[PDB]
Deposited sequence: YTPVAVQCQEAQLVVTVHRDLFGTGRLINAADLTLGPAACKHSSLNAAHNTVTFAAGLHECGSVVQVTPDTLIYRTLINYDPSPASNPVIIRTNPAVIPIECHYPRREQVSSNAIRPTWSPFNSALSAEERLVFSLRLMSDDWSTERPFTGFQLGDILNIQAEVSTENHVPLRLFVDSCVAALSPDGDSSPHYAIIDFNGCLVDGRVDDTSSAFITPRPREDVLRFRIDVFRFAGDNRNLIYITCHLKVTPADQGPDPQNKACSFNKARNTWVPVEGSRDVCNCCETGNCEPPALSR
């Protein structure tokens, strides 16, 4: 008995869910189940054992792809959203969320600035959620307030000129769309880690870097008010410059140090972070 069956097919996934999802004796309403942050409707149902099936392209319905060195991981979820109570003032049942994952095996140097002759001449950026010690990748589940997200940004290192990686901005939201409500800016103003400027957070970029094409940072976990699904998506804007180019107010990684009450770059001159405090790092 598998409450949730996942078929990872060639260019689609097929999820089958039992309506006795909690085995509480009460079957859930088929329409209360949806797929991914987009809430796609089910594709079919089978009254024989009371199941509901969802089928979607690997890129549809708000799925999220991570590209690792030797695999592709597509991640999405099943939503259970109970229908409102006859009287709206009360709530008898909480919304649930079920993580869904699909794994697939993957298949004259150059510069990204001057040209891209080959289809193959393409940078692959990635964000990874790492363990406290940064040794290995860690699960997307089990987080509590008071825990810390260790995020590692990196860019592929093959057959190109040495690069230095930067994070222009990160934004958390309840879906992969960062322009949706609600949302909160972790990094902003071209590399200013503004989350570590306020309250009692210890959010910061880590120094030194492992390579110039890797940027690490720690973020204190949080959640969105009014959100009963208890999830977080984070969309970052990464960019690169040549590995020996001087950092400046447009290309930097600055953290606020509460202990010294100052901004501190991962590299570069101290005064490059000045525009972080003013909240505007846009060239005149």
Practice item. Go through the deposited sequence from residue 1 and tell me which stretches lack C-alpha coordinates, in order. Key: 108-116, 294-297
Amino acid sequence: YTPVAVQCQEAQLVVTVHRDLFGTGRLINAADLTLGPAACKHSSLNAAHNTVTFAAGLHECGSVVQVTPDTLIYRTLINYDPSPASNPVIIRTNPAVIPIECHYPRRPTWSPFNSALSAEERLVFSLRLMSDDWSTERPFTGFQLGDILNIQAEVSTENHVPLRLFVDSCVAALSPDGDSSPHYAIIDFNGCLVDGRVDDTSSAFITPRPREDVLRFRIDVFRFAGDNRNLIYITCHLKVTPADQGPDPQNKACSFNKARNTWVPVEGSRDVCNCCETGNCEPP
From here on, numbers count along this sequence of modelled residues.
Check your understanding: Looking at the entry, does 234-242 or 215-223 show the higher mean C-alpha B-factor?
Key -> 234-242
**Study point:** Of 71-79 and 114-122, the stretch whose C-alpha atoms average the higher B-factor in the entry
**Key:** 114-122
**Study point:** Per the PDB entry, maximal CA B factor within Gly196, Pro95, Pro162, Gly191
**Key:** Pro162
Point to revise | Top Cα B factor in the deposited entry, candidates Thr109, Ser203, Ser156, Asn150 | key: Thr109
**Study point:** Position of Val266 among the chain's modelled residues by C-alpha B-factor, lowest, middle or highest third
**Key:** middle
Study note, to complete from the structure: The third of the chain into which the C-alpha temperature factor of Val4 falls is the middle
Exercise for review: Determine, from the deposited record, the chain-internal third of the Cα B-factor for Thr24: lowest, middle or highest.
Suggested key: middle
Exercise for review: Using the B-factor values recorded in the entry, state whether the Cα atom of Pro182 falls in the lowest, middle or highest third among the modelled residues of its chain.
Suggested key: middle
Exercise for review: Could you say whether, by C-alpha temperature factor, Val89 belongs to the lowest, middle or highest third of its chain?
Suggested key: middle
